[PDB]
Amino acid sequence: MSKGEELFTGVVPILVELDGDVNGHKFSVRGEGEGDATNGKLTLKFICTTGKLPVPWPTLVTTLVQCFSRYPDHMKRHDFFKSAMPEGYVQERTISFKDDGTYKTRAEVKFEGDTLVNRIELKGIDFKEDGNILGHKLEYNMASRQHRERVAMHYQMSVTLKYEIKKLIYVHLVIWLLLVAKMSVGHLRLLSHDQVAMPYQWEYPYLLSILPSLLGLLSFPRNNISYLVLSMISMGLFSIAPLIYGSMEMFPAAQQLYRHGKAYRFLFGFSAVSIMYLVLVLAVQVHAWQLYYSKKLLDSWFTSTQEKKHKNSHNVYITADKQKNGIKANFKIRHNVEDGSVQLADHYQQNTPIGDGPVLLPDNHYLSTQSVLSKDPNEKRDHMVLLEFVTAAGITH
């Protein structure tokens, strides 16, 4: 891809500096953090260095470095932002808050040494003093949200399936311990062989069935989708497959018992094949429900985490602006108002490269942007802790 993209193969420090004037209220915001374009992830902490921020933090998120977007391998030819580095680009925006004021911003994004810096001037005009902005009626998040009911539905489903799987796992571990004790008793002849027959061959790979069960338990504390899919695959191979093969391996001994009335293996006074078929039948049932619930648990985690992703994402639609040798962007942020509603912020953006030099003019695409806002409990000043995930995605071609 472009040269300039090579500046983003590692974790890059970030500095953000904003000077702002909204309806005469002057303020400054300084931010520092790290940038990881390979994962398209950003972590920054912002501080209002002049005291109290006169506007809500969510209104400043879009203004406070799209060069850290992860561009897919086939879309790297469309990455204008990295292509303009190291000299950088100028980013200008008009942000129209519906039925309220407007932000006018101009920013320079460039490398200063080994640090990607974003220096912004912001001006806000014609804001209503009792509106959603200067009135601070906005929620502290960037959520783009029937859906609330689905979130509760998903959590209850996850809680339900975890409990059912846990109970089946407990039954399985009791069975596993009994078969372990039975196998080691006979192998070392703790009791004679007429008492405890040597195991059938299917019992040896069934010992591996403890691995999917434990990996299932490991996925629960943090809803680890990777652990659970590993649990399901090994379950079919190590919990179900040995029992299917044992159903057939023990069949000739069942034939000899039910037609010749003749047994060669014994388990506590009874024929081993009759005992072990009952064990196999119980274990098959336990593992059949365990897999079924696990697939439903897997479906639930996937749907809920994807549904959350869709609803916490804003799309920045980027088009080429060949007249100014740059790009333009248009998108709308829907800020949540505390009365259970939304305040729209229409974004009009244009980017121009700072220095002379070729840059990538992209075809139409968008950046899928996810931001999570939080607080630092030890930080007393007015601040915002920001975690962001960005990915370009507009082009299937």
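Residue positions are given as counts along the sequence shown, with the first one as 1.
- In this entry, residue 145 is separated from residue 146 by 10 or more residues of the deposited sequence that have no coordinates.
- Where residue 64 is followed by residue 65 in the displayed chain, the model omits 1 to 3 of the deposited residues that sit between the two.
- When the two stretches 6 to 14 and 385 to 393 are set side by side, the higher mean Cα temperature factor goes to 6 to 14.
- When the C-alpha B-factors of 190 to 198 and 88 to 96 are averaged, 190 to 198 comes out higher.
- You'll see in the entry that, of 367, 55, 359, 29, the Cα B factor peaks at 359.
- Of the candidates 294, 115, 224, 209, the one whose C-alpha carries the top B factor in the deposited record is 115.
- Residue-level temperature factors show residue 154 in the lowest third of its chain, judged at the C-alpha atom.
- In the PDB entry, a CA B factor belonging to the middle third of its chain's modelled residues is recorded for residue 300.
- Residue 326: CA B factor lies in the middle third for its chain, per the PDB record.
- Looking at the C-alpha B-factors along this chain, the one for residue 216 belongs to the middle third.
- Per the PDB record, residue ranking by Cα B-factor puts residue 261 in the highest third of the chain.
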